[PDB]
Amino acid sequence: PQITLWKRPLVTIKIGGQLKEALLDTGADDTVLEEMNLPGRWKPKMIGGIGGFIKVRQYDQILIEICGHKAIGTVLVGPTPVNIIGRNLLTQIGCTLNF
């Protein structure tokens, strides 16, 4: 749908049979999820934001259903305060900014 920005743009996601709520984040190049139970192989990686850097697990070709729109891409898992859906997955559901 069309989302106004008067509140945090949170959506219900389905990942690994698990339901979570995540932030549609146009300021994020990639998707970063709070620690969760994810299956498969991964390779260590670190990401930086406001306040510094955190160490994350990099998972590729991860299925995630975002508000009924399905996308597959890299998902990072680590000590983020909030689940954030970055542009790597927003592009797959056809998300655009409009002003």
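In this text, the rigid core denotes the largest set of C-alpha atoms whose superposition between the two forms falls within 1.5 Å. Numbering starts at 1 and runs along the sequence shown.
Take 35-43 and 63-71, fit the other structures onto the shown form by the rigid core, and average the C-alpha distances in 7 other deposited structures of this protein: the farther stretch is 35-43.
The question of which stretch, 26-34 or 43-51, has the higher mean Cα B factor is settled in favour of 43-51.
Among the modelled residues of the chain, residue 9 sits in the middle third by CA temperature factor in this PDB entry. In the PDB entry, residue 79 places in the middle third of its chain by CA B-factor.
Among all modelled residues in its chain, residue 2 ranks in the highest third by Cα B-factor.
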